[PDB]
């Protein structure tokens, strides 16, 4: 039931908030990992939950201060919530997310880059939000850099998905 899921969410968010207050990043990971799983299972309910949104805003605001395993799990949560969901883009804009995603795309970790590309490619709305902050040229340059930096990897198909959405956006803006 939805009531059970809501209770499941409250438990996971309580653990994450406790881990953050204690500066225990291992416990942050242990908390975000089942939240990413729950988000895959019930993305409608997780994305709408106000405690999840408050938690995501705090994690996004401090994104680069977290170690890489936490950063991956933050993006893993957002990737599950943005899948087939352009309406999650407005919350991400309000949370200041897109400059953080832009720096993540230039991170040397392929797993982080793949998750960032999964979010970016999730909808035309996501590409529009990214371009509103970084420009057509900024995104084009990212994709060209990533194609050369990460061959024969999950990134290639995600880079192409972004490039196809970008072409649609470019035509509309003309």
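Residue numbers count along the first chain shown, from 1.
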Point to revise | Of 34 to 42 and 117 to 125, the stretch whose C-alpha atoms average the higher B-factor in the entry | key: 34 to 42
Practice item. Look up the CA B-factors in the entry and say which stretch, 22 to 30 or 136 to 144, has the higher mean. Key: 22 to 30
Check your understanding: Split the chain's modelled residues into thirds by Cα B-factor; is residue 155 in the lowest, middle or highest one?
Key -> highest
Exercise for review: Would you please rank residue 94 by its C-alpha temperature factor against the other modelled residues of its chain and give the third it falls in: lowest, middle or highest?
Suggested key: highest
Practice item. Quick one: classify residue 68 as lowest, middle or highest third of the chain based on its Cα B-factor. Key: highest
**Study point:** B-factor third for the C-alpha atom of residue 167 within its chain
**Key:** lowest
Revision key, fill the gap. Temperature factor at the Cα of residue 59, chain-ranked in thirds, falls in the lowest
